[PDB]
Student: 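I have a structure here, written as C-alpha cells, and I will follow up with some questions on it.
Letters A, B, ... mirror the listed sequences (proteins, then strands); counts begin at 1. Side-chain atoms are counted along with the backbone in the values below, which use heavy atoms only and exclude waters and symmetry mates. Atoms within each ligand, like the ligands themselves, are counted from 1 in listed order.
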2 protein chains.
Amino acid sequence: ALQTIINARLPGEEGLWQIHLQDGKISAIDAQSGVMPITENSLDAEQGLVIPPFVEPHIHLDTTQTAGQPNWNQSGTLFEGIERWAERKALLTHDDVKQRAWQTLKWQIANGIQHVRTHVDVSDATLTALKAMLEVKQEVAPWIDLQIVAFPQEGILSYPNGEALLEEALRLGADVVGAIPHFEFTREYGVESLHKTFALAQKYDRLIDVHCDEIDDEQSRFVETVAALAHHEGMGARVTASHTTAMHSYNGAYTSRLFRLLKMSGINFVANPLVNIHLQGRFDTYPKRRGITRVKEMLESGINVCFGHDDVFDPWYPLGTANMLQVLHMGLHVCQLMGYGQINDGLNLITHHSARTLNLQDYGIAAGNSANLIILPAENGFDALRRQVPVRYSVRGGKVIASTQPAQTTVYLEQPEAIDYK
Amino acid sequence: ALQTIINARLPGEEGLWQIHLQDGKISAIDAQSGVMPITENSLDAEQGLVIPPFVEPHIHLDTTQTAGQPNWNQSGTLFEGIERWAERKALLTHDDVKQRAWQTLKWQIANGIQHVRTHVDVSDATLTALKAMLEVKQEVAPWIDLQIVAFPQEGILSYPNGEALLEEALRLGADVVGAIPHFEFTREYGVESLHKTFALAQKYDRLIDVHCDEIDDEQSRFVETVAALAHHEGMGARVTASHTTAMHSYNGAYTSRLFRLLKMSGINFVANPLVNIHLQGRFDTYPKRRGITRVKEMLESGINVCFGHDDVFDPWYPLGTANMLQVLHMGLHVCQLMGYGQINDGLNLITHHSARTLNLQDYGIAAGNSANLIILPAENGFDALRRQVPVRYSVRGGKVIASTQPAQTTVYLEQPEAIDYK
Ligand SMILES: C[C@H](O)COCC(COC[C@@H](C)O)(COC[C@@H](C)O)COC[C@@H](C)O
Ligand SMILES: C[C@H](O)COCC(COC[C@@H](C)O)(COC[C@@H](C)O)COC[C@@H](C)O
Ligand SMILES: N[P@]1(=O)C=CNC(=O)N1
Ligand SMILES: N[P@]1(=O)C=CNC(=O)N1
Ligand SMILES: [Zn+2]
Ligand SMILES: [Zn+2]
Ligand SMILES: [Zn+2]
Ligand SMILES: [Zn+2]
C-alpha cells in the first residue's frame, strides 16, 4: 500500500518533490526541502524523473510478431507489406491473435506504456482478430487502457462488404472508426469512404483515426477531407489523421493554405518515425526523401502531433521492442528537432500530446488524477532521451506494475570505475 | 463648354487629329493638315496621345489604405494577408470604409481611370463594407463608373452562412458575383462553390469575377471549371478569372489542352503584376518562380487578358499610387513582353482589354461614344510607358475632370538646359 513517492523530479520544476497517494489517486504534490530518507509505504524515485505514463497512439496488435510468416516483405514497401499480411491474415486464429497481442502488450507494460491504441484489420468476413482483440482489451485492462480501431485495411469501398464489416465492428464494440483512403481504388472512393467513416462515428458516437495519405504521392490530399468533415461536425478533438506522409511531398503554398484548416479543425496527428523512415522514399533512387509528415511545422503552429511505434516485428517492420524513447529518438533525428530544448521537450510527443490524441481525461501528474505515473532514472527529458533509459518503476492506480533494475557498467582501468555515461 | 480637342495623336495613326464634341459625345474625328492654333472652346492636346480612359479591372477598395492596421503582413504571403485583413475587418465601420475608398478613388481620378471594378469582402454577417460601397458607387458616378464584386473572401462553403451572405449582397445590388475556390477547405468545396456562383449570376443576371487559383500549387485547376461553366451557359463575355497564378506552374501539356477550352469559353483574364510578383514564389527558396499567369501565351492565342493593380497600401501590398502605367511597366518586365511592338501596344492591356473584361459598351475614341478620353504627354504607347508619364487631361462627358501640369527638369551645365528624357 504505497502512500508516497519521494525524491522525485518533475519536468520544468526545480528541486525534489513528494507525491502523496490516497485511494489510488494523487492527493497532493509538495516540494521537498532536501533528499528524504526511505520510509515504509514510500516509493523512492531516487531523484529520477516522474511523468505520466507513456502512450502508444498507433500500433497493430493483430499483426505483431508475424514478420516472415509465411513470406518476408522483400521490397520494404507499404504495398508489399499489405500483400504479405493478406497471406498471413488467411492463417489467423483466435488463439494466434491473442497470444501475439499479449506478447507485445507485456513488452509495453515493461516499457511504462499504460495507454495503447491498436488498429485491427476488419477487412475480414469473420472479424476474427477484431473479436479476439475486444477480449484482450478486457483482459489487459488492469495494466493498459486499450483502444481498438476498426481498421479496414483493404478499403471500405474497395473490399467486398467492407462498409458492413466496418459497421459490425463498431456494433461489437470498437472504440474508433478507421479508414485508408489512399489505398481505395480511386480518389472518388477515397473521398466517399471518409464520408461513410464520419457518418458511422456520429451514428455510434465513436472516435475516428484514419490511415491518411501514407504514400509518397504529392496528389494524395485526403487529409483536407478529414479535417473539413471534422470541422463541419464540430468534432475535432475526436479525430486523428495518422501518417500523412504525403505531406512531406506537398508544395509549400498548398501546405500553407491547408494548415489554416488543420488548425481550425482541431484534429490530431500521429507520425510513426521508425516505420515511416523504412517504408517511405522506397520509390526514389537518389536523392531519397525522408517521408515523415511536417512535425516541426505542426508544432510551430500549435497543431497537436505525436509519435507512434506502428509496427512490432511484422510485415511492415522487422524490428522493435515497443519502446517509445526509441521511437522519439528516431523522430527527433529525422524531423531535425535537434535543439537542446526541442530534445528536452521531446517527452511531450510520447506522453501529453499522445494522451490528447486518444482523448484521455484522466492523465497527468496532478491532484485528483489516478495515480498512474512512471519513474525514469534520468535528470530530465534530454538525459532520458540521450541515454535511452529504461523505466525504473511503472505505477498504476497507486500500485507498482513494472520495475527495471538498471544495467551496471564498470571499466577496469588502473582501478575499477563505474560508468554512468554522464 | 468644350467643343473640340485639337492637335491630338491617335495610336496607330499618322499626323494630328481634331476631335469634335457635341452634347457630351464624340461627334467627329478629322485629320488635321498641320498644328492648329488654340481657339476658345478648344482643348489643346499639344500633340499628346489621346486614348480612352484607363481601366482598373481589379482593386479592393474596402481594404485600401489599411496596411499595418493593427498588424503588418510579415511573411508577404496571400495567406497571412487574409489573417491580417480578418483582424482589420473586425474594426471596420461605415465611415472608415467610405473615407479610405474615396482616398484611393481620388488618386484614380487623378490618374485618368474612369472605370473601376472593386471587390468587396462579403464574408461578414453585417455586410458593412458592401453596403457602404454601394453608396460610394453612386457618389463617385460623375467621375468613375464603379462595379462592385461581392467577394466571399473566406469562402462560400467554408464560412458560416457564406452562400446566404453572397446572395444578399447581390439582392442589395452588387454588379458581379465573386468566389475563391482555392481558399475553400477542400477541392470539392472549391468546385461546388463555382456551381453556386454561376447559379447566382444566372438568377440575378450579373457578371462573374472569380479569384481563381491564386496559389503556387500546380494542382489548383479551378479555372477549368470556371471556363466550362461559362461555356455551358453561353455566358463567356460576362465571366472573368482573376490571377490564375497557378497556371504559371502547370505542365505544358495540360496547359495546351486547357487553352482550347479557354478560347472556346470566351472568358476574360486579369493578371495583377505588382501584387503577383510580391505574393507569389514565397514558398520557393532558390530558384524562385515569378508567379504571373501565362499572359504572353494568352495574347498569342487571342485570349483576352488585362492588368489590374489589385491592392493599394493594404495587407497584401505595402505600396501603390493607383497608377496603371506603373502596373503595366511591372507586367511587361515580369512577363517578358519586351519587344518594341509589345511595349508600344501595352496600353491595350490597361485600356481596351480591360474594358472588354468589364463588359463595357460605351468605350473608345469613336463618333457616337461618350466623350470620355484622356490625354498623355507622350508620342505613343512606348514613350508613355518608358517615361511613366502622368495624365495631362482627363475628359469625361466632354468636361475636364483632372489635369496635371507635368514636372519641369533643368540641368545647369555651361548653360541651363531643359531635360525631356527623349
Ligand atoms: C507471454 C504471453 O504471450 C502469454 O501470456 C498468457 C496470457 C494468458 O491470459 C490470461 C487471461 C487474462 O485470461 C496473458 O498473460 C498472462 C496474464 C496473467 O496477464 C495470454 O495467452 C493467450 C492464450 C491463452 O491464447
Ligand atoms: C479626400 C477624401 O478621402 C475625402 O473626401 C470626402 C468625401 C465626401 O463625400 C461627399 C459625398 C459625395 O456626399 C468625398 O470627396 C469629396 C467629393 C465632393 O467628391 C468622402 O468622405 C467620406 C466620409 C464622409 O465618410
Ligand atoms: N504502416 P501501417 O500503418 C501498418 C499496417 N497497415 C497499413 O496500411 N499501414
Ligand atoms: N491578392 P488579392 O487579390 C487581395 C485580397 N484578397 C485575396 O484573396 N487576394
Ligand atoms: Zn474468445
Ligand atoms: Zn498503422
Ligand atoms: Zn450610409
Ligand atoms: Zn483581388
Student: Will you find, in the side chains of A:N41 and A:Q3, an N or O donor that is under 3.5 Å from an N or O acceptor?
Tutor: yes
Student: Could you identify the N, O or S atom of A:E135 positioned closest to the Zn ion (ligand 5)?
Tutor: OE2
Student: Parallel under 30°, tilted from 30 to 60°, perpendicular over 60°: which one fits the rings of A:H119 and A:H60?
Tutor: parallel
Student: Inspect the contact between A:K98 and A:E139 and indicate whether a charged nitrogen and a carboxylate oxygen are less than 4.0 angstrom apart.
Tutor: yes
Student: Evaluate the side chain to side chain donor-acceptor pair (under 3.5 Å) criterion for residues A:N276 and A:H243: first the C-alpha distance (whole Å), next the side-chain angles of each, then the deciding distance (0.1 Å), finally the verdict.
Tutor: CA-CA 8 Å; A:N276 292 155; A:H243 287 295; 3.0 Å; yes
Student: What atoms of ligand 3 come within less than 4.0 Å of a heavy atom belonging to A:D311?
Tutor: 1 (N), 4 (C)
Student: Does the side chain of A:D314 pick up a donor-acceptor pair with the side chain of A:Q65 at under 3.5 Å?
Tutor: no
Student: Do you see a donor-acceptor pair shorter than 3.5 Å between the side chains of A:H58 and A:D310?
Tutor: yes
Student: Could you tell me whether the side chains of A:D209 and A:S242 share a donor-acceptor contact shorter than 3.5 Å?
Tutor: yes
Student: Out of all atoms in ligand 3, which are within 4.0 Å of some heavy atom of A:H58? Include the element for each.
Tutor: 3 (O)
Student: Which protein non-hydrogen atom lies closest to atom 18 (C) of ligand 1, naming both residue and atom, and how far is it?
Tutor: A:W143 CH2, 5.0 Å
Student: Could you tell me which atoms of ligand 1, counted from 1 in the order shown, lie closer than 4.0 angstrom to a heavy atom of A:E139?
Tutor: 12 (C)
Student: So which protein heavy atom does atom 1 (N) of ligand 3 come closest to, and at what separation?
Tutor: A:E214 OE2, 2.9 Å
Student: Side-chain donor-acceptor pair under 3.5 Å between A:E214 and A:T245, yes or no?
Tutor: no
Student: Quick one: which of A:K98, A:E135, A:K106 has a heavy atom closest to atom 6 (C) of ligand 1?
Tutor: A:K106
Student: Is the contact between A:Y317 and ligand 3 made by the side chain, the backbone, both, or neither, using heavy atoms and a 4.0 Å cut-off?
Tutor: neither
Student: In the protein, what heavy atom is nearest to atom 21 (O) of ligand 1, and what distance, to one decimal place, separates them?
Tutor: A:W102 CD1, 4.6 Å
Student: Is it the side chain, the backbone, both or neither of A:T63 that has a heavy atom closer than 4.0 Å to ligand 3?
Tutor: neither
Student: Side chain or backbone of A:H119 under 4.0 Å from ligand 3, or both, or neither, by non-hydrogen atoms?
Tutor: neither
Student: One residue to check: A:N272. Relative to ligand 3, which of side chain, backbone, both or neither has a non-hydrogen atom less than 4.0 Å away?
Tutor: neither
Student: Heavy atoms only, cut-off 4.0 Å: how does A:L78 contact ligand 3, side chain, backbone, both, or neither?
Tutor: side chain
